[PDB]
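Here the entry's author numbering is used: the first residue of the sequence shown is 19, the next is one more, and so on.
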Amino acid sequence: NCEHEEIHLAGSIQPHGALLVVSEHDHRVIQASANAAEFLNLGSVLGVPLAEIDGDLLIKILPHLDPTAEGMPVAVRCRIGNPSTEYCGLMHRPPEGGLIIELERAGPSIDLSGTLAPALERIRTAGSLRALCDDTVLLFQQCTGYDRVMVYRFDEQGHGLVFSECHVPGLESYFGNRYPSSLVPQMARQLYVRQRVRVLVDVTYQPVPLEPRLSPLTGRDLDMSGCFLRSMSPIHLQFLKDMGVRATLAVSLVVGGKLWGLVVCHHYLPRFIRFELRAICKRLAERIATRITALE
Ligand SMILES: */C=C/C1=C(C)C(=O)N/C1=C\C1=NC(=C\c2[nH]c(/C=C3\NC(=O)C(C=C)=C3C)c(C)c2CCC(=O)O)/C(CCC(=O)O)=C1C
């Protein structure tokens, strides 16, 4: 590989959310995505006390600063800006640099109450790895609506194999395509064991830089490992562009503390899935990984 890119030190986000970094000590915004004021209908954010950004959010965050009960990551409802809009704030604390708050607009959900159950039933009947993975791609396509859904399985040589696939009729089948191990570098695999869902809304996005780049607390790039808005590796973006894919969802399948494979979804238009469905996807994949585990 390909093992040298520090993909967690991206210094920028995708433009469909905003990112704030709050000091644990004075609770001011010490770093933010450059779009944050515009996205949040605020005049400014950098250097502003959280009390001014939104007092209720500050009140929400304060208990999470107890080192004996940090209770993160957490997803909180908040209302910010003037005019005021509802957001989901996904908050976590990297080892250094402060408290990160990533904000997505509240919006329409996908409703799963009539369709999740038959898809899960099918998974439960699966008696082989083949059946389980075929049922996985159907379940994730039903739940998420992506144009193509795959189980990308690492073989005994670490090559990537498109082991199961479904797609909307007329699209290309990648079923059975096999790829070099380096297309998913070990460093990326390692991150994906911890950060189990990635959503790339539009491959062609213009990254939104952090301001400042370097954390004022460390003098170093911010650790964005846990950021769902993180900008992705340009080499990977180029890969997807060369295939004509516009958006992706990827969910880790973790077995034995290692990346067994991925549920990989492609869309030919921009696509976002909101917090709750990302959480559901993560859990569904953990349940499937328990089954794989058992199947050998
Ligand atoms: C030598 C390094 C690389 C080459 C060559 C390359 O093509 N990519 C290389 C590095 C990275 N890949 C990263 C992530 C990644 N790559 C894949 C590969 C595929 N996706 C597909 O849909 C298919 C085929 C159908 C292939 C072969 C996947 C699945 C992923 C993970 C994607 C995700 O989680 O969304 C990567 C890190 C990206 C990042 O997270 O920033 C690098 C550096």
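We put the beta carbon where it would ideally sit given N, CA and C, even for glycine.
Using alpha carbons as the reference points, say which of the options lies closest to residue i.
i    : options                : result
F181 : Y192, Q175, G188, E174 : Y192
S243 : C106, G115, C96, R46   : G115
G99  : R171, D165, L60        : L60
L64  : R231, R148, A268       : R231
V40  : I119, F158, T133       : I119
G29  : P252, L295, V263, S200 : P252
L258 : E229, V219, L179       : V219
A69  : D84, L83, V47          : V47
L76  : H43, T236, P85         : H43
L130 : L295, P81, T311        : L295
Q256 : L201, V211, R212       : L201
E190 : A87, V66, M109, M261   : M261
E314 : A55, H26, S146         : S146
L80  : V169, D153, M109       : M109
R207 : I141, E139, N195, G178 : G178
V66  : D84, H45, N19          : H45
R171 : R305, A55, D74, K276   : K276
When every heavy atom of ligand 1 is checked, does at least one fall within less than 6 Å of the C-beta of residue i?
i           : result
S243        : no
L201        : yes
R216        : yes
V226        : no
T162        : no
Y223        : no
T266        : yes
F193        : no
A307        : no
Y197        : yes
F290        : no
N19         : yes
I31         : no
residue 359 : Nothing about residue 359 can be reported from this structure: the residues present for the chain run from 19 to 314 only.
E183        : no
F246        : no
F158        : no
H110        : no
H26         : no
residue 1   : Examination of residue 1 is not possible in this model, given that the chain is present from 19 through 314 alone.
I253        : yes
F257        : yes
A69         : no
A206        : yes
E23         : yes
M250        : yes
Going along the chain, which residues of its own chain have a beta-carbon closer than 7 Å to the beta-carbon of residue i, five neighbours each way excluded?
i    : result
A307 : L271, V272, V273, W278
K300 : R214, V215, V269
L247 : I31, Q32, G35, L37, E120
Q159 : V167, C184
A124 : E104, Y105, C106
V221 : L255, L258, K259, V263, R264, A265
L209 : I25, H26, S243
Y197 : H177, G178
Could you check how far apart the C-beta atoms of residue i and residue j are, in whole angstroms? I think they sit under 8 Å.
i          : j    : result
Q49        : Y223 : Their Cβ separation, rounded to whole angstroms, is 20 Å, which puts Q49 and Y223 out of contact at 8 Å.
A268       : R216 : 5 Å
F293       : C106 : 5 Å
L157       : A137 : 4 Å
residue 12 : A52  : The chain is shown from 19 up to 314; residue 12 falls before or after that span and cannot be answered.
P234       : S249 : In fact, because the Cβ distance is near 20 Å, the residues do not count as touching under 8 Å.
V281       : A303 : 6 Å
Using a Cβ-Cβ cut-off of 6 Å (strictly less than) and excluding sequence neighbours within five positions of residue i, which residues of its own chain qualify?
i    : result
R289 : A265
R111 : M90, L117
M205 : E21
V263 : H284
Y286 : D165, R264
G176 : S199
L58  : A36, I98, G99
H82  : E88, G89, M90
Can you name the residues that DSSP bridges to residue i?
i    : result
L117 : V40
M109 : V92, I119
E139 : Its beta-bridge partners do not exist; DSSP assigns none.
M168 : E183, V282
Cutting at 8 Å between CB atoms, please list the residues of its own chain near residue i, excluding the five before and the five after it.
i    : result
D72  : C96, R97, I98
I310 : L147, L150, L271, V273, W278
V155 : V167, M168, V169, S182, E183, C184, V281
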